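Here's my_file.pdb, which has PDB, C-alpha atoms and all ligand atoms:
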ATOM      1  CA  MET Q  43       8.381  -8.179 -17.852  1.00  0.00           C
ATOM      2  CA  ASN Q  44       6.947  -8.464 -14.353  1.00  0.00           C
ATOM      3  CA  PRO Q  45       3.922 -10.719 -13.967  1.00  0.00           C
ATOM      4  CA  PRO Q  46       0.650  -9.210 -12.786  1.00  0.00           C
ATOM      5  CA  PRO Q  47       0.556  -9.035  -9.011  1.00  0.00           C
ATOM      6  CA  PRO Q  48      -1.301 -11.720  -7.042  1.00  0.00           C
ATOM      7  CA  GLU Q  49      -5.065 -11.557  -6.915  1.00  0.00           C
ATOM      8  CA  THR Q  50      -6.328  -9.507  -3.950  1.00  0.00           C
ATOM      9  CA  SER Q  51     -10.101  -9.290  -4.488  1.00  0.00           C
ATOM     10  CA  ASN Q  52     -12.325 -12.111  -5.724  1.00  0.00           C
ATOM     11  CA  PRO Q  53     -16.075 -11.467  -6.029  1.00  0.00           C
ATOM     12  CA  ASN Q  54     -16.543 -15.252  -6.253  1.00  0.00           C
ATOM     13  CA  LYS Q  55     -14.483 -16.165  -3.131  1.00  0.00           C
ATOM     14  CA  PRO Q  56     -16.400 -16.094   0.190  1.00  0.00           C
ATOM     15  CA  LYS Q  57     -15.387 -13.524   2.859  1.00  0.00           C
ATOM     16  CA  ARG Q  58     -15.540 -13.307   6.654  1.00  0.00           C
ATOM     17  CA  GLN Q  59     -14.191 -11.272   9.565  1.00  0.00           C
ATOM     18  CA  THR Q  60     -12.523 -13.036  12.480  1.00  0.00           C
ATOM     19  CA  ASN Q  61     -10.641 -11.663  15.435  1.00  0.00           C
ATOM     20  CA  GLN Q  62      -7.509 -13.522  14.274  1.00  0.00           C
ATOM     21  CA  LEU Q  63      -7.684 -11.874  10.845  1.00  0.00           C
ATOM     22  CA  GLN Q  64      -8.292  -8.472  12.472  1.00  0.00           C
ATOM     23  CA  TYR Q  65      -5.164  -9.101  14.604  1.00  0.00           C
ATOM     24  CA  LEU Q  66      -3.199 -10.088  11.489  1.00  0.00           C
ATOM     25  CA  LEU Q  67      -4.081  -6.707   9.900  1.00  0.00           C
ATOM     26  CA  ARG Q  68      -4.057  -4.260  12.817  1.00  0.00           C
ATOM     27  CA  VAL Q  69      -1.147  -5.829  14.743  1.00  0.00           C
ATOM     28  CA  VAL Q  70       0.966  -8.149  12.601  1.00  0.00           C
ATOM     29  CA  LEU Q  71       0.895  -6.401   9.224  1.00  0.00           C
ATOM     30  CA  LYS Q  72       1.092  -2.966  10.830  1.00  0.00           C
ATOM     31  CA  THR Q  73       4.102  -3.874  13.023  1.00  0.00           C
ATOM     32  CA  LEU Q  74       6.072  -5.507  10.197  1.00  0.00           C
ATOM     33  CA  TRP Q  75       5.210  -2.668   7.777  1.00  0.00           C
ATOM     34  CA  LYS Q  76       6.778  -0.094  10.122  1.00  0.00           C
ATOM     35  CA  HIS Q  77       9.972  -2.073  10.668  1.00  0.00           C
ATOM     36  CA  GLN Q  78      13.183  -0.498   9.405  1.00  0.00           C
ATOM     37  CA  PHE Q  79      13.814  -3.510   7.124  1.00  0.00           C
ATOM     38  CA  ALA Q  80      10.300  -3.677   5.597  1.00  0.00           C
ATOM     39  CA  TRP Q  81      10.809  -1.570   2.459  1.00  0.00           C
ATOM     40  CA  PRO Q  82      11.906  -4.386   0.036  1.00  0.00           C
ATOM     41  CA  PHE Q  83       8.850  -6.402   1.129  1.00  0.00           C
ATOM     42  CA  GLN Q  84       6.133  -3.699   0.835  1.00  0.00           C
ATOM     43  CA  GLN Q  85       5.265  -4.440  -2.834  1.00  0.00           C
ATOM     44  CA  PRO Q  86       5.844  -7.122  -5.475  1.00  0.00           C
ATOM     45  CA  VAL Q  87       9.474  -7.529  -6.523  1.00  0.00           C
ATOM     46  CA  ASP Q  88       9.954  -5.181  -9.505  1.00  0.00           C
ATOM     47  CA  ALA Q  89      12.350  -7.396 -11.423  1.00  0.00           C
ATOM     48  CA  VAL Q  90      12.326  -4.930 -14.316  1.00  0.00           C
ATOM     49  CA  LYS Q  91      13.419  -1.946 -12.206  1.00  0.00           C
ATOM     50  CA  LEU Q  92      15.947  -4.086 -10.250  1.00  0.00           C
ATOM     51  CA  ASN Q  93      17.257  -5.863 -13.385  1.00  0.00           C
ATOM     52  CA  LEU Q  94      16.485  -9.358 -12.033  1.00  0.00           C
ATOM     53  CA  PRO Q  95      15.505 -11.234 -15.220  1.00  0.00           C
ATOM     54  CA  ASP Q  96      15.661 -14.617 -13.417  1.00  0.00           C
ATOM     55  CA  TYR Q  97      13.480 -13.658 -10.409  1.00  0.00           C
ATOM     56  CA  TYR Q  98      10.177 -14.892 -11.862  1.00  0.00           C
ATOM     57  CA  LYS Q  99      11.860 -17.858 -13.506  1.00  0.00           C
ATOM     58  CA  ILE Q 100      12.812 -19.050 -10.012  1.00  0.00           C
ATOM     59  CA  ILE Q 101       9.866 -17.729  -7.969  1.00  0.00           C
ATOM     60  CA  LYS Q 102       6.551 -19.064  -9.282  1.00  0.00           C
ATOM     61  CA  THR Q 103       4.519 -18.240  -6.122  1.00  0.00           C
ATOM     62  CA  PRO Q 104       5.302 -14.556  -5.570  1.00  0.00           C
ATOM     63  CA  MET Q 105       4.132 -12.843  -2.377  1.00  0.00           C
ATOM     64  CA  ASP Q 106       4.735  -9.497  -0.645  1.00  0.00           C
ATOM     65  CA  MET Q 107       3.265  -7.402   2.177  1.00  0.00           C
ATOM     66  CA  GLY Q 108       1.451  -4.965  -0.093  1.00  0.00           C
ATOM     67  CA  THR Q 109      -0.511  -7.934  -1.485  1.00  0.00           C
ATOM     68  CA  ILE Q 110      -1.117  -9.285   2.039  1.00  0.00           C
ATOM     69  CA  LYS Q 111      -2.346  -5.822   3.184  1.00  0.00           C
ATOM     70  CA  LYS Q 112      -4.826  -5.721   0.299  1.00  0.00           C
ATOM     71  CA  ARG Q 113      -6.005  -9.326   0.907  1.00  0.00           C
ATOM     72  CA  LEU Q 114      -6.606  -8.543   4.610  1.00  0.00           C
ATOM     73  CA  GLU Q 115      -8.346  -5.211   3.901  1.00  0.00           C
ATOM     74  CA  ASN Q 116     -10.562  -6.845   1.266  1.00  0.00           C
ATOM     75  CA  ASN Q 117     -11.517  -9.781   3.555  1.00  0.00           C
ATOM     76  CA  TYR Q 118     -10.006 -12.028   0.890  1.00  0.00           C
ATOM     77  CA  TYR Q 119      -9.007 -14.722   3.404  1.00  0.00           C
ATOM     78  CA  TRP Q 120     -11.442 -17.118   4.993  1.00  0.00           C
ATOM     79  CA  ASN Q 121      -9.048 -18.132   7.749  1.00  0.00           C
ATOM     80  CA  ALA Q 122      -5.899 -16.990   9.466  1.00  0.00           C
ATOM     81  CA  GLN Q 123      -3.863 -19.944   8.131  1.00  0.00           C
ATOM     82  CA  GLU Q 124      -4.194 -18.645   4.580  1.00  0.00           C
ATOM     83  CA  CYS Q 125      -2.665 -15.308   5.602  1.00  0.00           C
ATOM     84  CA  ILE Q 126       0.071 -16.922   7.693  1.00  0.00           C
ATOM     85  CA  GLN Q 127       0.864 -19.080   4.640  1.00  0.00           C
ATOM     86  CA  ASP Q 128       1.248 -15.937   2.531  1.00  0.00           C
ATOM     87  CA  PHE Q 129       3.750 -14.444   4.988  1.00  0.00           C
ATOM     88  CA  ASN Q 130       5.664 -17.729   4.996  1.00  0.00           C
ATOM     89  CA  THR Q 131       5.664 -17.861   1.195  1.00  0.00           C
ATOM     90  CA  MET Q 132       7.054 -14.338   1.040  1.00  0.00           C
ATOM     91  CA  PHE Q 133       9.964 -15.124   3.425  1.00  0.00           C
ATOM     92  CA  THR Q 134      10.670 -18.422   1.645  1.00  0.00           C
ATOM     93  CA  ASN Q 135      10.806 -16.724  -1.753  1.00  0.00           C
ATOM     94  CA  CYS Q 136      13.478 -14.369  -0.461  1.00  0.00           C
ATOM     95  CA  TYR Q 137      15.472 -17.271   1.048  1.00  0.00           C
ATOM     96  CA  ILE Q 138      15.288 -19.371  -2.153  1.00  0.00           C
ATOM     97  CA  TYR Q 139      16.395 -16.552  -4.421  1.00  0.00           C
ATOM     98  CA  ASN Q 140      19.317 -15.363  -2.268  1.00  0.00           C
ATOM     99  CA  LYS Q 141      22.090 -16.701  -0.048  1.00  0.00           C
ATOM    100  CA  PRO Q 142      22.541 -16.880   3.729  1.00  0.00           C
ATOM    101  CA  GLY Q 143      24.083 -13.727   5.103  1.00  0.00           C
ATOM    102  CA  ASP Q 144      23.094 -11.482   2.163  1.00  0.00           C
ATOM    103  CA  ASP Q 145      21.656  -8.166   3.307  1.00  0.00           C
ATOM    104  CA  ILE Q 146      18.188  -9.026   1.970  1.00  0.00           C
ATOM    105  CA  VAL Q 147      18.186 -12.358   3.826  1.00  0.00           C
ATOM    106  CA  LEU Q 148      19.242 -10.774   7.136  1.00  0.00           C
ATOM    107  CA  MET Q 149      16.393  -8.285   6.635  1.00  0.00           C
ATOM    108  CA  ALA Q 150      13.863 -11.072   5.914  1.00  0.00           C
ATOM    109  CA  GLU Q 151      15.082 -13.099   8.925  1.00  0.00           C
ATOM    110  CA  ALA Q 152      14.598 -10.143  11.271  1.00  0.00           C
ATOM    111  CA  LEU Q 153      11.078  -9.581   9.919  1.00  0.00           C
ATOM    112  CA  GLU Q 154      10.335 -13.303  10.211  1.00  0.00           C
ATOM    113  CA  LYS Q 155      11.488 -13.404  13.817  1.00  0.00           C
ATOM    114  CA  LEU Q 156       9.183 -10.464  14.576  1.00  0.00           C
ATOM    115  CA  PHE Q 157       6.346 -12.138  12.662  1.00  0.00           C
ATOM    116  CA  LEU Q 158       6.728 -15.343  14.673  1.00  0.00           C
ATOM    117  CA  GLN Q 159       6.707 -13.375  17.944  1.00  0.00           C
ATOM    118  CA  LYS Q 160       3.422 -11.739  16.931  1.00  0.00           C
ATOM    119  CA  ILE Q 161       1.915 -15.040  15.717  1.00  0.00           C
ATOM    120  CA  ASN Q 162       2.674 -16.557  19.129  1.00  0.00           C
ATOM    121  CA  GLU Q 163       0.307 -13.948  20.538  1.00  0.00           C
ATOM    122  CA  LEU Q 164      -2.467 -14.664  18.036  1.00  0.00           C
ATOM    123  CA  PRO Q 165      -5.779 -14.594  19.950  1.00  0.00           C
ATOM    124  CA  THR Q 166      -8.519 -17.232  19.895  1.00  0.00           C
TER     125      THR Q 166
HETATM  126  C1  LIG Q 201      20.483  -2.085  -4.080  1.00  0.00           C
HETATM  127  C2  LIG Q 201      19.527  -2.924  -3.228  1.00  0.00           C
HETATM  128  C3  LIG Q 201      19.985  -3.742  -2.195  1.00  0.00           C
HETATM  129  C4  LIG Q 201      19.064  -4.480  -1.431  1.00  0.00           C
HETATM  130  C5  LIG Q 201      19.534  -5.388  -0.288  1.00  0.00           C
HETATM  131  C6  LIG Q 201      17.707  -4.423  -1.700  1.00  0.00           C
HETATM  132  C7  LIG Q 201      17.282  -3.616  -2.737  1.00  0.00           C
HETATM  133  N1  LIG Q 201      15.886  -3.506  -3.061  1.00  0.00           N
HETATM  134  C8  LIG Q 201      15.075  -4.645  -3.298  1.00  0.00           C
HETATM  135  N2  LIG Q 201      13.803  -4.419  -3.598  1.00  0.00           N
HETATM  136  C9  LIG Q 201      12.997  -5.459  -3.836  1.00  0.00           C
HETATM  137  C10 LIG Q 201      13.543  -6.746  -3.857  1.00  0.00           C
HETATM  138  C11 LIG Q 201      14.895  -6.907  -3.497  1.00  0.00           C
HETATM  139  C12 LIG Q 201      15.560  -8.279  -3.444  1.00  0.00           C
HETATM  140  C13 LIG Q 201      15.008  -9.512  -3.073  1.00  0.00           C
HETATM  141  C14 LIG Q 201      13.602  -9.838  -2.609  1.00  0.00           C
HETATM  142  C15 LIG Q 201      12.858  -8.941  -1.839  1.00  0.00           C
HETATM  143  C16 LIG Q 201      11.572  -9.277  -1.451  1.00  0.00           C
HETATM  144  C17 LIG Q 201      11.065 -10.533  -1.784  1.00  0.00           C
HETATM  145 BR1  LIG Q 201       9.324 -11.084  -1.296  1.00  0.00          BR
HETATM  146  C18 LIG Q 201      11.831 -11.444  -2.470  1.00  0.00           C
HETATM  147  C19 LIG Q 201      13.104 -11.117  -2.897  1.00  0.00           C
HETATM  148  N3  LIG Q 201      15.950 -10.436  -3.211  1.00  0.00           N
HETATM  149  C20 LIG Q 201      17.057  -9.837  -3.591  1.00  0.00           C
HETATM  150  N4  LIG Q 201      16.857  -8.528  -3.730  1.00  0.00           N
HETATM  151  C21 LIG Q 201      17.891  -7.538  -4.177  1.00  0.00           C
HETATM  152  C22 LIG Q 201      19.148  -7.920  -3.479  1.00  0.00           C
HETATM  153  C23 LIG Q 201      20.309  -6.984  -3.818  1.00  0.00           C
HETATM  154  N5  LIG Q 201      20.229  -6.561  -5.222  1.00  0.00           N
HETATM  155  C24 LIG Q 201      19.515  -7.526  -6.085  1.00  0.00           C
HETATM  156  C25 LIG Q 201      18.042  -7.573  -5.662  1.00  0.00           C
HETATM  157  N6  LIG Q 201      15.626  -5.829  -3.256  1.00  0.00           N
HETATM  158  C26 LIG Q 201      18.171  -2.876  -3.507  1.00  0.00           C
END
Hey, can you dump this file as structure tokens for me?
Amino acid sequence: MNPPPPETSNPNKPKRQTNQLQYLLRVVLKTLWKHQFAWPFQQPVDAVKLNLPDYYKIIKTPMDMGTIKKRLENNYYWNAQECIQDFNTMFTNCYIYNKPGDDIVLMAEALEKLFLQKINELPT
């Protein structure tokens, strides 16, 4: 089975809006979402549909851009670092599960390069 997806809305977790988190949603998430290579990263890895029975034995901190979109939209994060950590966790999961030069890794690396370029322009 797949696990349930990561939590995206927590009534008990405090919320706030910052210009960095607005940038992470309206610039960073939006730009990566529209990238040609984004499709494997737009939702949790469906290990059932993809026949990857070891995926969630190896990856115990799953992350994906559909979850990050929901966390941003729901004001789930208190600070930008929490959202940047989620993007980094998602790329790292892909790297750990696969091998250098695999198609999925080249795709993740291109998205990560674009992510880092956008993060360099994160406002104050
Ligand atoms: C035929 C084919 C070929 C390719 C390149 C992609 C897909 N679709 C697809 N969808 C979702 C997840 C993956 C995937 C990930 C992965 C993606 C996001 C995160 Br976060 C973490 C890991 N790691 C490997 N894979 C594939 C690699 C090739 N087949 C076995 C599974 N792949 C399908």
Inset, instruction - Taking the file above as input, evaluate the PyMOL selection byres (((chain Q and resi 65-82) around 10) and not hetatm) and report the hits as a PyMOL selection string. - result: chain Q and resi 60-64+83-88+106-108+110-115+122+125-126+129+145-146+148-154+156-161+163-165
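For the set Q:166, Q:116, Q:123, Q:109, the residue with the smallest atom-to-atom gap to ligand LIG 201 (chain Q) is Q:109, counting all atoms listed in the file.
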Legend entry - Spatial neighbours of residue Q:134, max dist 12 Å, only C-alpha atoms, sep filter under 2 positions, as a PyMOL selection string: chain Q and resi 100-106+127-132+136-141+147+150-151+154
Test item: axis-aligned box, all listed atoms of ligand LIG 201 (chain Q), 6 Å on each side, centre and edges in Å rounded to one decimal, as lines of an AutoDock Vina configuration file:
center_x = 14.9
center_y = -6.8
center_z = -3.2
size_x = 23.2
size_y = 21.4
size_z = 17.8
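Closest approach to ligand LIG 201 (chain Q) among Q:155, Q:162, Q:124, Q:135 is made by Q:135 (distances from only C-alpha atoms and all ligand atoms).
Between atom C11 of ligand LIG 201 (chain Q) and atom CA of residue Q:92 the interatomic distance comes to 7.4 Å.
For the residues Q:59, Q:52, Q:93, Q:44, ranking by smallest atom-to-atom distance to ligand LIG 201 (chain Q) using all atoms listed in the file places Q:93 first.
The coordinates place atom CA of residue Q:94 at 9.9 Å from atom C14 of ligand LIG 201 (chain Q).
Near residue Q:58, within a cut-off of 10 Å and counting only C-alpha atoms, sit the residues residues 63, 116, 117, 118, 119, 120 and 121 of chain Q, with same-chain residues fewer than 3 positions away left out.
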